[PDB]
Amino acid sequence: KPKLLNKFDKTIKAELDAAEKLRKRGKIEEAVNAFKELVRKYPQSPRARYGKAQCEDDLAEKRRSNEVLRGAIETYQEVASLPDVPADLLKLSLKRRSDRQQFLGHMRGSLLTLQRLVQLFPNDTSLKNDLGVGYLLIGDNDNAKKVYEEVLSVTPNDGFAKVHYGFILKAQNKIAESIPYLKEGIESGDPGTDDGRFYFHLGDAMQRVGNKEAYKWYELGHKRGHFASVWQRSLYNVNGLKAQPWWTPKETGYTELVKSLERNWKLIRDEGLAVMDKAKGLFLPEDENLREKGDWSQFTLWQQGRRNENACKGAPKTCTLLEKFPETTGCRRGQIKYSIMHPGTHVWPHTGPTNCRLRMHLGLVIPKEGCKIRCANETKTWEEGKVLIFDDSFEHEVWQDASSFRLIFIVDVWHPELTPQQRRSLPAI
C-alpha cells in the first residue's frame, strides 16, 4: 500500500531498492553503509534517511545494543527534518521513533514525538490513542483522559479509547462510570482491547459494586491467556512457578528467616510501636485505592530491594536483623514494611502485581478478635510472634472489626523456584 517515495526519490528507486534488499536479506552492515552512501550523495532524500534509520534499528536488534537504537532515533527525527517527505513515510518514521523511545524507557520524549505526530495528522484517531498512552506512561492521567475524551467526542465506538477511558476512570475511583467503558471496549474486540489490565480492573469494579458476573470476566481473561487462573490474577508473571494461596515455612525453604522473625519478633514489634508513638508520620496511608472503608497505614523499610536509610532510622535493629537475609532485602518485586490497620476497615478483594513473590506476615499486635484475611477460599488469622505466608498474586480480602489496632510486619521473598539469574534480572516492581 504505502507511498514512501517523493518526486526525487523515484528517480533513484533502483539504488534505494538495492540497498533496502541488502538490509532485508540480513546483511545489515552492508546495507548500513550503502544507505550512508545514498545519504551523502542525496542528503535530502527522505527514503535514504529512513533507510539509514531502519538499518540502525535492525542493528540494535543484531547487537542487542541500546547505543544503536539511541542513534536510529535521532535519524528517525532526521527523516522528518527533510523537505517533501511523503506523509506515509513521515507517519512511519515518527511512530517508530516514539515506539523505540518507549522500548528504551524514554517517555518524556516519546510524549513530544507523539504530540508532534498528532499536530501533523489531526484527523488520525490512532495517533490520539497512542498519545493517550504516552501520557499514561509518565503518570499524567488527567491529560490522557482529555485525549480519550476528544477521541470519543469524535469516534465514540472506538474500543481502544473506551478501555483506556475506563481504566482511567477506575484508577480515579469512578468505579460505576468505568464499568460500561471497560465492558464495551473489551467486547468491541478492536486492536488494543484484548489486554489483561482491562479484564482485571473490570472484574474488580464489579466486585466492588456488588455485581456477580465479575467472575464471568475473570474466567474469560483466563481463556485469553492474561491470567494464570481465575483466582490468581497477577500480570507480571514468570510462568510455571508453583502457585498456591497458602504456603508453610518448610514449603518455601526460607526457614532461617521465619525463625529469625519469630524468635526476635518483640524487638520488631517494639521498634514499630516506637515509630507509632514518636514518629507516626513515617507510617503513610495506603494510596492504591484498595479500601472500601477504614484506616490503614504502612511504614516501609525496603521497596524494590532498596533499603530506605532514613526509614531504618526508626527501626534500626530490625533492619540490621533483616540485612542477613537477601532473599527479602533483594526482592526487587516486594517490600519489607510495618502495616497498621485500625478498626472499621475493609480491603476490597484484590491481587498483587506479581506471582514472583511470596508474602510473609509476622503478627506483632493482634487483637483477640476482629482481624481476618481470606486468600482464595481459605480465611485465616494472625498470631502475635508467628508468621503466616501467602501468594498475594491470588485474590485476597481483609477485615478489621476489632476494638483496637492491629500491627503486622510484611516481608516479601522471591518465589523459591526462581533462579539467581531471574532474581538479578527481572525488572523491579
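A residue's number is simply how far along the shown sequence it sits, counting from 1.
Stretch comparison (233-241 versus 328-336) by mean CA B-factor in the PDB entry places 233-241 on top. The PDB entry reports B-factors from which the mean C-alpha value can be compared for 344-352 and 151-159; the larger average falls on 151-159. Comparing C-alpha B-factors across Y218, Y181, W302, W296 in the deposited entry, the largest value falls on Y218. Of the candidates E286, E78, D99, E187, the PDB record gives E187 the highest C-alpha temperature factor. Among all modelled residues in its chain, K52 ranks in the lowest third by Cα B-factor. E61: CA B factor lies in the highest third for its chain, per the PDB record.
Compared with the other modelled residues of the chain, the Cα B-factor recorded for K10 ranks in the middle third.
When all modelled residues of the chain are sorted by CA temperature factor, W399 is found within the lowest third. Per-chain ranking of the deposited C-alpha B factor places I373 in the lowest third.
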